[PDB]
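What follows are structure tokens for two forms of the same protein chain, given separately as structure 1 and structure 2.
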Structure 1
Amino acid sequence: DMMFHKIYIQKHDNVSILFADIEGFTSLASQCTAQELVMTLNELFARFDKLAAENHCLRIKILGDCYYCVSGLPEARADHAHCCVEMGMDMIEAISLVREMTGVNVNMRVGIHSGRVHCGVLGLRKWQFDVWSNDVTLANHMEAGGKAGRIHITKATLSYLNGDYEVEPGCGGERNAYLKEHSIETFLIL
């Protein structure tokens, strides 16, 4: 308002954050033209944006081959955990379809976590809606310490799922140092 520029950010609890990367994305970039790459990419992400609206996830950003969204925004929902899992399901099938077309071995790696966030925009120019917090950080590390073709979830994301989905030991502490060092019990959806 007066001495600090007005901030367009607000706290939100009970949300679930999804992160996904493209497994073998670099080998795909090796095969095709610079242009054809941007179309496969641009097309796949156009598809993901649809699934987002269906599954009730608000898409945040696209950073290269890293896609992420969050259910529970803009307005609060109980299903927030189930939505992201569902989105995660769809994303994994969708990528396998474009895996046919290209004939290359690409796949999605998903990671989800639940907790609070701060959402909004930073700075003055080129506003892009974003989310920030330790929970968002954890979710990203969940994606990073994930497993190919699988939805990697946390402790917190299991207590909002009401055990509707069936999981198994996740062993995320051995694929990511942050998961190790923070004693995070991870699971994989069946």
Structure 2
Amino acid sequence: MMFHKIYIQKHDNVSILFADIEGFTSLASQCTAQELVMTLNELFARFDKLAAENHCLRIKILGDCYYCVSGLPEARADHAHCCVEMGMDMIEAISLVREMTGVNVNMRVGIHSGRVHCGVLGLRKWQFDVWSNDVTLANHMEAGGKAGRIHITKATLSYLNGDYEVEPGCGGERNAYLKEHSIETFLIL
């Protein structure tokens, strides 16, 4: 073996969702390191519940960044719908925690669909992950999204079979990546 064995595999027709809390560094500076963790554990535990139901597979949590993929490990033509539904339940979950905790937590949701490579990298501390331009794009959709709303691409819209009412997203004007890549975006109603 010249190269270490790579535990990675390609998967087409998949949907990636990204959720990120607004002003996390700002928020963490104010409240205790103890309470921040409680507010975040409360939020992410619920997210992990909603994910199993909506047939989404949660990937990782990067402090305040939460992302999952629908269409894994086994193919599912219901994928784009799952992620859209997942975001629906997410936004509502954040609303209950906003009132129950009295903390200013807001998130932006980003969704894109395409192909992804998934698996693990390295030898130690294996954590299932996804990589691809499509995943990179999905990340930028969250960055170019809007508070308390689900920002999706044209690609994700084509897998939704017209089951959701959308409005022009204008993602190109809130994020340089979406513009420079001529990506058409939409915000779900």
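Each form is matched to the other, and the largest set of C-alpha atoms that superpose within 1.5 Å is called the rigid core. FYI, numbering is relative to structure 1, first residue = 1.
- In the core-aligned comparison between structures 1 and 2, the C-alpha of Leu28 is the only one from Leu51, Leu41, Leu28, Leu58 that shifts by 2 Å or more.
- In the core-aligned comparison between structures 1 and 2, the Cα atom of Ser114 sits 0.2 Å away from its counterpart.
- Core fit done between structures 1 and 2; CA of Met101 shifted by 2.0 Å.
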